[PDB]
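# Close look at the chain arrangement
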Amino acid sequence: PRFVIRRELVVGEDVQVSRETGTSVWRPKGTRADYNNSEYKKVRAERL
Amino acid sequence: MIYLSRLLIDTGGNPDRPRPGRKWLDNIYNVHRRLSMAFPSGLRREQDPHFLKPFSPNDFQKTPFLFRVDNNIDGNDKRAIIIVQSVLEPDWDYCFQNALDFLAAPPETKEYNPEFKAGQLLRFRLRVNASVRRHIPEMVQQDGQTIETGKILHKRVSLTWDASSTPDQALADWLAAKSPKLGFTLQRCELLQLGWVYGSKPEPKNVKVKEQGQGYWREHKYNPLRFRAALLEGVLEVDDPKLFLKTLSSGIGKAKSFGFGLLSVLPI
């Protein structure tokens, strides 16, 4: 047997909260290429 | 031998519908190019028989052909006629295998072995490039006041007549000044239709160096092409055999790559 006490600590004054530091959801890639971007017009002109 | 061909274009009907063949005729560079893919490389026709690949100029054979475009054939339908003369057999089934909507009739080809005697009455039709190279001073700006600069330009301009002579007389003089060297003599020549021809042409131009290198990024820039055209019809007589044949299938005037020399001969 041993002796045990209990204490409490209120958050926001002696323990900080860290940020998320990552991504949770996965999700698929980006479709919908933009047709007003400059790289698109340059590649289109070179292909023409 | 000499090979002649004929292509027929509708150029009519309902104006409210797409007409790609009617649209193709507005540019002479496009017309010349479209006639120009009619001759593939022995290797190209084995590579893509379907003609469904990028078009490059280097995989097609080179031949100085001549052509003319005519119109106004009635019979309750309108028609446009392209006549192509060449020294190799054209392949009309390869140029237009995905462009059948251009033409109102399938193409035709036939052989041509014209043999003549000296002093023969012949009927000819020709559209001539009326051009003279001249020395021109340089005018700039014209922002309400003309600024002159001493550079003198060597440029190809149209032939000019004076104020007291008809165009037909000056054109006939310009043709009879040249007919002794070709091998023919005129008796009559009248002017039918005189005008200008416009064309536009892709030309590559550098823009920016690639980040990965090995070339540029490039962009198409388009250059005007203006020529003078005068259509003539008349009767000629031959002066030399191998000389009249030297006149034929070689050209009479300039700008032959854009359909400006073609002699259409009928023994009258």
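Residues numbered from 1 in each chain as written, not as in the entry; some residues may be left out. Chains lettered and ligands numbered in written order. Part of a larger assembly, values for the part shown. Heavy atoms only, no water. Residues with missing side-chain atoms left out of burial classes, pairs and counts.

The name recorded for chain B in the PDB entry is CRISPR-associated endoribonuclease Cse3, from Candidatus Cloacimonetes bacterium ADurb.Bin088. The title field of the PDB entry reads "Cryo-EM strcuture of Cas5-HNH Cascade,apo-Conf2".

Per the PDB entry, chain A goes by the name CRISPR system Cascade subunit CasD and belongs to Candidatus Cloacimonetes bacterium ADurb.Bin088.

## Notes on the side chain of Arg 44 of chain B
Residues and elements named next belong to chain B. Of note, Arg 44 is situated in helix α3 (residues 44–47). With a relative accessible area of 4%, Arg 44 lands in the buried category. Beyond its immediate stretch of four places on either side in the chain, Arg 44 contacts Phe 51, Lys 53, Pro 54, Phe 55, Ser 56, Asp 59, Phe 60 and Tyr 94. (Helix = DSSP H or I, 4+ residues; strand = E, 2+ residues; numbered from the N terminus. Buried < 20%, exposed > 50% of the residue type's maximum accessible area, 1.4 Å probe, protein only. Contact = heavy atoms within 4.5 Å.)

## Some thoughts on the interface of chain A and chain B
As a measure of interface size, the accessible area lost when the parts come together is often cited. Listed by partner, the interface residues are 5 residues for chain A and 5 residues for chain B. A buried area of about 450 Å², summed over both sides, lies between chain A and chain B, and 60% of it is on carbon and sulfur atoms. Where chain A packs against chain B, one counts 1 salt bridge. Where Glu 46 of chain A meets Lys 210 of chain B, a salt bridge forms, and the shortest distance between an N and an O atom there is 2.8 Å. Our count for the contact surface shared by chain A and chain B stands at 1 residue pair in polar contact. Of the residues that constitute the side of chain A that touches chain B, the class distribution is 3 nonpolar, no polar and 2 charged. (Buried area = accessible area lost by both parts, 1.4 Å probe. Salt bridge = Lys/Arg side-chain N within 4 Å of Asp/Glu carboxyl O. Polar contact = N/O pair within 3.5 Å; in protein donor to acceptor, adjacent residues only side chain to side chain. Nonpolar A, V, L, I, M, F, W, Y, C, P; charged D, E, K, R; others polar.)

## Describing the sheet that holds strand β5 (residues 121–128) of chain B
Residues and elements named next belong to chain B. Pairing within the open sheet is antiparallel, and its 4 strands lie in the order β8-β9-β5-β10. Looking at strand neighbours, the two that pair on one side only are β8 (184–205) and β10 (264–267), the edges of this open sheet. Between one strand and the next, the sheet's axes are offset by a mean angle of 15 degrees, whatever the strand orientation. Its contacts with the sheet put helix α5 (residues 167–176) on β5, β8 and β9 (219–238), and the angle it makes with β8 is roughly 85 degrees. (Pairing = 2+ DSSP bridges. Axes fitted to C-alpha atoms, helices over the stretch in contact; angles between N-to-C directions.)

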